[PDB]
């Protein structure tokens, strides 16, 4: 919606039913102490961590946990979440006040977005995961084979 949201949604590849759901995920507490992303981030943290270990398990030509922890630490790293975030230019949609966006914050909004997509889609974890793979399964896969 609005003169902005519609554009994040086309990059996202998903249009929301509840627009304020999307907005809450992009909004820093500095902007609204009443409706900001902290709780969605909490959810999206577990959600995304799940999406990525799934790809990790599914792929990865080595299956011992001893191999899986390292790339995993990377794939959930703030550095890698910023990488995927860049594919949506998320810095551009975040709602913030007295202060500037960060990698960390971009990292937390990213988890928040996915939690609201999950929820907005009626808590549809299979669709959400696929949305996620459409967008990022390519990088995640290139990552695993030692992609800087």
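Residue numbers count along the first chain shown, from 1.
- Higher mean CA temperature factor between 117-125 and 60-68: 60-68, per the PDB entry.
- Looking at mean Cα B-factors across 48-56 and 75-83, the upper value is held by 75-83.
- Going by the entry's values, 138 shows the largest Cα B-factor out of 138, 9, 18, 130.
- Annotation for residue 109: C-alpha temperature factor in the lowest third relative to the rest of the modelled chain, per the entry.
- Remark: residue 29 belongs to the lowest third of its chain, ranked by C-alpha B-factor as recorded.
- Residue-level temperature factors show residue 40 in the lowest third of its chain, judged at the C-alpha atom.
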